[PDB]
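Below: the structure, in structure tokens.
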Amino acid sequence: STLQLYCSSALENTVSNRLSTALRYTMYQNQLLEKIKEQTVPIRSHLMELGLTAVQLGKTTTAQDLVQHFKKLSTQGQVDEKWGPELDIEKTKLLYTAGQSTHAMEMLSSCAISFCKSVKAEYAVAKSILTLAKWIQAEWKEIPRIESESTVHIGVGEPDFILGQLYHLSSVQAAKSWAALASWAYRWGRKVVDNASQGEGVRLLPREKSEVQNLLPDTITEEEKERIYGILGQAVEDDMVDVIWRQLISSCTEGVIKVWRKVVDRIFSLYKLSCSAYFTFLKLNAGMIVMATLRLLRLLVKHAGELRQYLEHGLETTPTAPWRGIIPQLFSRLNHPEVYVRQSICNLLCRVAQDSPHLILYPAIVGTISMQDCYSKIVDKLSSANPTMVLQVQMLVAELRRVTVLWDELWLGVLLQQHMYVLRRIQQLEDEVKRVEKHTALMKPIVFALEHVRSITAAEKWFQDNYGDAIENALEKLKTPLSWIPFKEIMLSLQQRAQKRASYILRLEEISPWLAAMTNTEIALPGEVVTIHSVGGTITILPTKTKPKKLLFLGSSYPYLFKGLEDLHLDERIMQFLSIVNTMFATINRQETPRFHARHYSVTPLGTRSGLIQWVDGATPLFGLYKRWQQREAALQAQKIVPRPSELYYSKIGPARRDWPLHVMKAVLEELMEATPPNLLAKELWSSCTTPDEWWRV
Amino acid sequence: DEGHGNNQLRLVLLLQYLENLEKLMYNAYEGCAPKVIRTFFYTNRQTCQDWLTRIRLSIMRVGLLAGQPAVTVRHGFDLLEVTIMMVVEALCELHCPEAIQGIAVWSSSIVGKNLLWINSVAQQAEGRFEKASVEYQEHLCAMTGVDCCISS
Amino acid sequence: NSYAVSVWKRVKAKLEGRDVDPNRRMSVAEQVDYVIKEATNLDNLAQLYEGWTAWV
């Protein structure tokens, strides 16, 4: 805030500068300019500091106080200043061009595109802004070589040439000036290719060339020939579609020239996306980045043959590089239907793993367990050097898959699906007996499952076969050859074992003793962007719900959990989306005292129906405090839990099916809120603050 | 009352140099039995220059115009008897030329408007007279401050 | 695979502000107010499962 952050500093700075009786003249100007560029938004103070100063920024900041009030004159001044710095001053020209493009985002006066012809039309109009814009765009020749001469944008239909020319000239000389150009070019090339697939496109020079090629016979048929060539190039083995129709009417030599003309008519049509990808790669090399990465990935997957000469040439050769810790979606595109795309993705992954390989935490080792043609080459490539850190993570993934589910209880869970199947079989057997292998061979799926459970179970690693498999060989006594009453044996031999205690869980000495034995391992980064030092402490069965397994790591402290029979892949995509969102807030996460940040959830999928995620950071649940309040109320009433959380609703809903309340639940809701204090969490954060000032920030 | 139990909250929120959303909350919270909060928080939302003319306007029509000679109100926006909130409008004297500017106009306006009422008090004029920009008058005025000056 | 597209379109409409009405670009403030009203109405807060504990 101006006062008294800057106004109080400039106050004494002016005095220190007024006594000229060293270098107190440049820092004073910098302070005055910083006070001027605020924005937002004292206008009187800005004008005062401008007059005081009146580091060339003082010439561009003045152009913003005008934008705040006079858009036209402000744009005029900005475009006039942009023509000024012809000398080697890069940090100012790009900034001026960016500030003018945003102001030029109108689209309100409609003079830039309306004067687009003025580029080469013997221009004599209209306003100083247009003249300065044309004079600055004409200077591009005096210095991503070319954007579009005649056909790329207006030849086939595109946005105003002014914005493109400005974004291209802003490239002088090096940072973020390529993002504003690449994003615009790609967003407009998308619509260009859409309209092409819907319409068509052709140029005068190539059309005249084609007309003069197939002479003498006639140019009338050449009209339809060029029209179909344009339509095909717009809609786009695709090259063969051109000859498919070219050989239909004419059916005639020139077979190679036809494709040469079709690869040019569709050349300027995709030149927009080509320049977009070029600018995106240039910006990635020079330095949102995730947006550019996703844009390049979508441009490559959508169509790689045009222009492959750019993607295949810039991706492998120093992509960023790399961006492995930004976009993990490269694997989803590894199984592309066309060649020349995975060949480059593999090299990109190898390069990203060669440096900072911890970013790709189990990127392919988990994938190979269940695309595979490339995952195999990516594993060894990313695991050849220093095989200790890769073999360690492979054995960790193996142990995690072993500890999942385990399926020792899945047998009873799958057998419990016979609520009416076994009963129907018994009824049919009784009917057959009344009449007197059909009934015995009616449960073939249950028999197959009971056989698979044993085929997978074999030699607390010794307990799974001596405690779970202790009666597994006898649990199928009648189920194997055959009522089927002998079925609860195995269902209770494993269920009662867990029910014996609440947090029934074994230490690292369980089926996966390597954890307790792995007293030291290399850095693994189990779902993070470095502390996997030796091993966690212990695990738990999470008696809260079913069915996680918390386990620390004590990395160079970091809890996690397992999830059997759960596809922890969409969860990873949602966490990546949340990370991208949070990155979208970093631009505004600057005081911004309550920093915008959506709490993450580190999820690492270890195969289909599995996953290893961090349990939680320090965070108390709200239901915890609600149950605490309920217990406190129960204690206060007794001295005058249950609650229960679910039965409490039905207890006050009886005196009102589904049901249609309708018109009655809105009353039970009030009766419950009128009893439960609304300050349960409020007082929770209030007492949980050591100070009254920390309370406000919290 | 609510009138006094809200100006304190607004001033507190302003002291944090942030939390203008917390003040807009009360601005939308006025349903519990005013528009003054909409501008009381506009100092950190948009700027200190702005939200100053808004407070002046909110001071009417409980008094005179109170407008200053040069305020640039034309383009400066393209970026009940209380007896307490009136003096509580002293926030102007912080959004007013208090931030370096010509402050005498606002003090004269406050004096002229208080001439028609009572219980309106401004801030220390001696502490504001340090804007002379000349060591002569600066020393002539600083010697009157509550503190004891020095002699080299 | 016609399910993932149904969610992508829903997300694009929610970001486009076309969640409630696909023919009106509701402003950010209007969309926030609508979401707060729908997320705070006693009617909607009463037709929720008991496990949600909307009363607390």
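Chains as they are written, first to last, in the working numbering: chain G, 3 to 700; chain F, 51 to 202; chain B, 30 to 85. Built from N, CA and C at the ideal position, the CB exists for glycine as well.
- The three-state secondary structure of G/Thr255, taken from DSSP, is coil.
- In the displayed model, G/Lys552 falls within a strand according to three-state DSSP.
- Identification of residues in the region 98 to 129 of chain F having a C-beta nearer than 8 angstroms to some C-beta of chain G yields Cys98, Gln99, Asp100, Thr122, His125, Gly126, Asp128, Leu129, given in sequence order.
- Under the Cβ criterion of 8 angstroms, G/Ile534 is not counted among the residues facing chain F.
- By the C-beta criterion, the region 385 to 398 of chain G is judged not to be in contact with the region 466 to 484 of chain G, since fewer than 3 inter-stretch pairs fall below 8 angstroms.
- Less than 8 angstroms separates the beta-carbon of G/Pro208 from that of G/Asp267.
- When DSSP states are grouped into helix, strand and coil, G/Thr606 belongs to the strand group.
- Not flagged as an interface residue toward chain G: F/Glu176, since no C-beta distance is shorter than 8 angstroms.
- Legend: CB atoms of the region 59 to 89 of chain F lying less than 7 angstroms from CB atoms of chain G belong to residues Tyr67, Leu68.
- The alpha carbon of G/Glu83 has as its nearest neighbour, out of G/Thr94, G/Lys73, G/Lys122, the alpha carbon of G/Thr94.
- For a cut-off of 8 angstroms, the C-beta gap from G/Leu638 to B/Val85 is around 18 angstroms, too long to register as a contact.
- The three-state reading of DSSP puts G/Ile590 in coil, since its state is none of H, G, I, E or B.
- In this structure G/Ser271 does not touch G/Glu314 by the C-beta definition: roughly 20 angstroms separates them, more than the 8 angstroms allowed.
- Under the three-state reduction of DSSP output, G/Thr542 falls in the strand class.
- Considering only beta carbons, the part of the region 36 to 59 of chain G lying closer than 7 angstroms to chain F consists of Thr42, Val43, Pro44, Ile45, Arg46, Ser47, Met50, in chain order.
- Per the C-alpha coordinates, the member of G/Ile131, G/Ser212, G/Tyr652 positioned closest to B/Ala75 is G/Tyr652.
- Distance from the CA of G/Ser559 to the CA of G/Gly613, rounded to the nearest whole angstrom, comes to 19 angstroms.
- Along the region 83 to 149 of chain F, the alpha helix (DSSP H) occurs as fully enclosed runs of 4 or more residues at 86 to 90, 92 to 95, 102 to 108, 135 to 138, 142 to 145, listed in sequence order.
- Contact annotation: G/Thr370 and G/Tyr377 have beta-carbon atoms nearer than 8 angstroms.
- Residue pairing of G/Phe117 in beta bridges, as defined by DSSP: absent, with no partner found.
- F/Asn70 has its alpha-carbon roughly 13 angstroms from the corresponding atom of G/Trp698.
- In terms of Cβ geometry, F/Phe91 and F/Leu63 form a close pair [threshold 8 angstroms].
- Per DSSP, the unbroken alpha helix (DSSP H) holding G/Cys352 starts and ends at 344 to 356.
- Going by beta carbons, F/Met136 and F/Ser170 fall inside the 8 angstroms limit.
- Neighbours of F/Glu139 across chain G, judged by C-beta separation under 9 angstroms, do not exist; the nearest C-beta is about 18 angstroms away.
- Counting along the chain, the unbroken alpha helix (DSSP H) around G/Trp137 starts and ends at 130 to 139.
- Two segments are said to touch when three or more pairs of C-beta atoms, one from each, lie closer than 8 angstroms; by this definition the region 449 to 465 of chain G touches the region 505 to 518 of chain G.
- If you compare the alpha carbons of F/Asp51, F/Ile105, F/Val155 with that of F/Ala83, the shortest gap goes to F/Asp51.
- DSSP, read as helix, strand or coil, puts G/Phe72 in coil.
- By the Cβ neighbour-count rule, F/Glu148 is buried, with 16 or more other Cβ atoms within 10 Å of its own.
- Using a Cβ-Cβ cut-off of 8 angstroms, G/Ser172 is close to nothing in chain F; its nearest Cβ partner there is about 26 angstroms away.
- Under the DSSP definition of a beta bridge, G/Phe281 lacks any partner.
- Counting the other Cβ atoms within 10 Å of the Cβ of B/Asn30 gives fewer than 16, which makes it exposed.
- Ranked by Cα distance from G/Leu89, the first of G/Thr77, G/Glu144, G/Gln80 is G/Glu144.
- The beta carbon of G/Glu318 sits closer than 6 angstroms to those of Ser346, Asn349, all from its chain and outside the five residues before and after it, given in chain order.
- For the pair of segments examined, the region 222 to 241 of chain G was found to touch the region 251 to 260 of chain G: the number of CB pairs separated by less than 8 angstroms reaches three.
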